[PDB]
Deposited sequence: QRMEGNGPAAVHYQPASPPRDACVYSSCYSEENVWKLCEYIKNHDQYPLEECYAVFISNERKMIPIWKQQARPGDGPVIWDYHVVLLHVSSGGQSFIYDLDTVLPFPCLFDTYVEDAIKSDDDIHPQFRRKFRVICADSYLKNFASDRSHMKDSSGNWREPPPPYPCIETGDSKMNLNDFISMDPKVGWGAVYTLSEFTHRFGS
């Protein structure tokens, strides 16, 4: 026997609708997470300060993620970047909302790290993961994307765009590179190593 123990939110209520009821577009995870942040803001359930947009990438923009819908099985998808929502519940128990995972929606942090992320120990160093964590309030206020990165040079869509107008602010219409970048000298939020990330939010 082992005691898995602070306070565990055993009665946790999701901050989102059911997976299938959520606004989702394949290859637009930055916008899928943005829409979850907007839903949490307009819903009177959880404070926005408890929620974070998490960008996963690296210098070479080649990161493995396991348990992904786009590739069923034991092998990973190699993304240029991926975005999930992190909810740190009042007690300190963390939950991951990833609309692209075959793990539960939402999923306990430790379970998502264990099965989806795994250790960088025996991973080829060029594939190792870094994490930019942005408060959901700061993500909604500062994030802008004109979707120019999803068009070819001829101007045709690589993947069908989301069925609503481009997200913009007063300050910018495109700053997506400042979020995907894992340079701590650019952008909003904090950039973490895997060990720093798993420690901060993991039990």
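Missing from the model, relative to the deposited sequence, is only the range 6.
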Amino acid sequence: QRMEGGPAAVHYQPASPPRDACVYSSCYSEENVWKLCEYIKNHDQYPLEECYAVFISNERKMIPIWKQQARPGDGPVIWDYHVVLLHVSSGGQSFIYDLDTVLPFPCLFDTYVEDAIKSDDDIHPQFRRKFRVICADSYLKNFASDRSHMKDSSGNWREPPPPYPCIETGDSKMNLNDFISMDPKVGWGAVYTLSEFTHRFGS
From here on, numbers count along this sequence of modelled residues.
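The term rigid core refers to the maximal set of C-alpha atoms that superpose within 1.5 Å between the two forms.
In 4 other deposited structures of this protein, superposed on the rigid core, the segment with the larger root-mean-square CA displacement between 149 to 157 and 165 to 173 is 149 to 157. Coverage remark for residue 6: absent from the model in at least one third of the other entries compared whose chains are built on both sides.
When the two stretches 159 to 167 and 51 to 59 are set side by side, the higher mean Cα temperature factor goes to 159 to 167. The mean C-alpha temperature factor is higher for 73 to 81 when 73 to 81 and 110 to 118 are set side by side. Within the group 32, 45, 145, 138, the record's highest C-alpha temperature factor is found at 45.
Sorting the modelled residues of the chain by their CA temperature factor places residue 194 in the middle third.
Looking at the C-alpha B-factors along this chain, the one for residue 36 belongs to the lowest third. When the CA B factors of the chain's modelled residues are split into thirds, the value for residue 134 lands in the lowest one.
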